[PDB]
Structure formats: C-alpha cells, structure tokens
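Only one chain comes next, encoded as structure tokens, the form deposited in one PDB entry.
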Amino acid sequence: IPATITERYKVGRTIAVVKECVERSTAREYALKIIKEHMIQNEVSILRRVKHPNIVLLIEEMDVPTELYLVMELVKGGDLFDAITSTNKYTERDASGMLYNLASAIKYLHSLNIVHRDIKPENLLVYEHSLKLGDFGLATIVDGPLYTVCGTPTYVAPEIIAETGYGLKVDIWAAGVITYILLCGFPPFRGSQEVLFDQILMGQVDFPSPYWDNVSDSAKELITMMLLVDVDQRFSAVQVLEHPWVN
C-alpha cells in the first residue's frame, strides 16, 4: 500500500519485498524495496547521507506505521560475483577501472568516517555504459575502535580476526582481496575454517606461477600495499587513487 509513491512512480514486477519501479518524470527505472529495528533505522540513516556515483543510491524513503518504502537505483548488470564466474579473470585495464570505482566509493565513505565492512563481490553491482557498492547493513560510523568480527571471512582483514580493534582501513584490505581475485581467479588467502584465519593473520601476499606471470609488477606492488598487516602503513584510499595502476 503506497500512495504518494504511486503518484511519482509506476510499480511493476516483484523481485521485505522488491519490485521494479519507473520514475514518471524521467522514465528511468528504479527499484522499490518494501520493508515491514534500530539496525534498520541505522542503515537508512547512512543511505540518506551517502551520495556518490559508485554507490547504490537511496532516492527517497516513505516511513509509515506498518512498513517502510525505499526507492533505490536499479543495476541490471548483476553483482561482481556472477560476472567473475563467467569471465574468471579480467585484463589489467578492466580490473584497474573497477578498483578505480571501488576506491572512489571507499574514499568518499571514509571522508564521512563511515566504514562499510561488508565489501565483497556480491555487494558490488556492475553497470553497462562501472561498479556500485551497496548493502550498508554492516556499515557504521567509526566513533572509536571497532571489535565486532563480522563479514565474509575471505575478505576480512587480520585485525578483525585478531579482535584487537579495527577502523576504516579494513575496507582497503577487502579492496585488495577483490583486485587480487579479479586478476588471477582465486583469493590470496584460501584455507581448507581455522586454516583461513592463520593465512590472513600471517598476511603473506603471494603471486603464484603460471597465473601471475603476465600481470605487471605495478599491480603486484599496489596489491601488496593494500594487503599490509600494519594498519598504519597499509594504504589509504587516497594512496590507492594516486597509484599509477589506478591512473
């Protein structure tokens, strides 16, 4: 039961519920998410603040006593997880363009002291004409050191596992894990569940042969600095955005 929404939008098929939406004024297609709670209240507060071309935007929200309505950008290219599956490996020029998108989104979030802490291929949508980061369910504002161990372990930084306290740079660690997966088809820390944790805490970035023989040393160098165990020495999003591989 929308009302003010029906005057501005034309709801279509269905994909909490998700349905296609069409903006009357622009003829642009949008997604409408119908949600029937402090953690949900927190997530929408970030959605209102974050506006970047490499982030899935929240166009508007209507809050009613029974349910909650969100109109958001619709991306038809699917998530990076599915795209990685069919192609397996990407060219260096394609992958650096994606890192440009992800690092741009990360830099913007960190200028707001927001850590996403759920940066994985399923949450990166692909746009035909780009990447967009989404799902801020784990996102938060870094008032101090964080200690909760959340996120899909393959992309989780060693300080999260160590439980000694983490901050904004865990998003950079995930960005290096993704870029690594983009260039060779497999993650830098693999495990066999406990084995995965010792690989991350050791933090040894390797570039096996034959897979990494063609990839340039500029890419290996950047990936190394993104995947540093020393958080202070680990790259910031600005340092990623100024690297020659990204430009």
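Residue numbers run from 1 along the displayed sequence. Here the rigid core means the biggest group of C-alpha atoms that line up within 1.5 Å when the two forms are laid on top of each other.
Quick note: we don't show the form deposited in another entry, though the next part is all about it.
Quick check on the comparison between this form and the one not shown: with the core aligned, only one of 201, 62, 44, 57 should show a Cα shift of at least 2 Å. Which one is it? Result of the superposition: 62 is the only one at 2 Å or more.
State yes or no: after fitting on the rigid core, is the Cα displacement of residue 235 between this form and the one not shown at least 2 Å? No, its C-alpha moves less than 2 Å.
Is residue 220 one of the residues whose Cα moves 2 Å or more between this form and the one not shown, with the core superposed? Residue 220 C-alpha, core-superposed: shift of less than 2 Å.
Once you account for a change of 3 Å or more, let me know if residue 138 and residue 67 sit closer or farther in the other entry, using their C-alpha atoms. The answer is closer, because the C-alphas of residue 138 and residue 67 approach each other in the other entry by 3 Å or more.
Assuming the CA distance changes by 3 angstroms or more, are residue 101 and residue 26 closer together or farther apart in the other entry compared with the shown structure? Compared with the form shown here, the C-alpha atoms of residue 101 and residue 26 sit farther apart in the other entry, by 3 Å or more.
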